[PDB]
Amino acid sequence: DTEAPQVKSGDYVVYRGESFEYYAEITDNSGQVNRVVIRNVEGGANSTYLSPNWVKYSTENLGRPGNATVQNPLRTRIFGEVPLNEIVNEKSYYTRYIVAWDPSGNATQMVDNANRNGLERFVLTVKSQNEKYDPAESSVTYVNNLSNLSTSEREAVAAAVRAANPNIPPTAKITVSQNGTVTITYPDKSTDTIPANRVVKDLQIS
């Protein structure tokens, strides 16, 4: 419906135990948008039902002339906090639709096709908290023996990893095994692992 408002969204990935925030752009040939609803595909024309319940949205400056032009599109905020108890797997995604109304009452048409993803149709993908972070290379810790780290040496490795990764959640737990393997356990209890050879060396070989 070229007469209806056009929507540009994106690939909206979110993570357990983390806040998220994305913005969609909306334009109309009349230059004006009066209403914005984000919804599940089911329900009919007047339906505004949206799940999961933690998905919120907001749109400022509605019903003003020239609020949805090509030069300055109307922006809709899509945001929330992902609970720690969400189920994550290859199917833990939710396909939703952004519908906008122009002053005439023309509304964006919902088309059920993957080729429309990133437009009025978008996918909200829920992943585990570990997926948000890529643990950065730590400075190497030199230990006495790579096959047997002391308690003090294990604490040192954990400290080095933390110092190199300030963006990792403060309450995330970093543990180190007796062979130097690092495990980062995030608040949602998912994990990242760092091999011993990227964090420790010894001087046992001449």
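For clarity, a rigid core is taken as the largest C-alpha set superposing within 1.5 Å between two forms. Counting begins at 1, following the sequence as shown.
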**Message:** Rigid core superposition, C-alpha RMS per stretch in 5 other deposited structures of this protein: which comes out larger, 130-138 or 77-85?
**Reply:** 130-138
**Unresolved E90 in a third or more of other entries flanked by modelled residues** = yes
**Request:** Compare the mean C-alpha B-factor of 110-118 with that of 93-101 as given in the PDB entry, and name the stretch with the higher value.
**Result:** 110-118
**Prompt:** So 63-71 or 33-41, which one's hotter by mean CA B-factor in the entry?
**Reply:** 63-71
**Request:** Could you check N197, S190, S9, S19 and tell me which one carries the biggest Cα B-factor in the deposited entry?
**Result:** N197
**Asked** Looking at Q129, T125, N85, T76, which has the highest CA B-factor as recorded?
**Response** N85
**Message:** Splitting the chain's C-alpha B-factors into thirds, which one does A163 fall into?
**Reply:** middle
**Request:** Report the third (lowest, middle or highest) to which the CA temperature factor of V55 belongs, ranking only the modelled residues of the same chain.
**Result:** lowest
**Request:** Using the B-factor values recorded in the entry, state whether the Cα atom of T141 falls in the lowest, middle or highest third among the modelled residues of its chain.
**Result:** middle
**Asked** Going by the entry, which third of its chain does the Cα temperature factor of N179 land in?
**Response** highest
**Message:** Test of reading the entry: by CA B factor among the chain's modelled residues, which third contains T27?
**Reply:** lowest
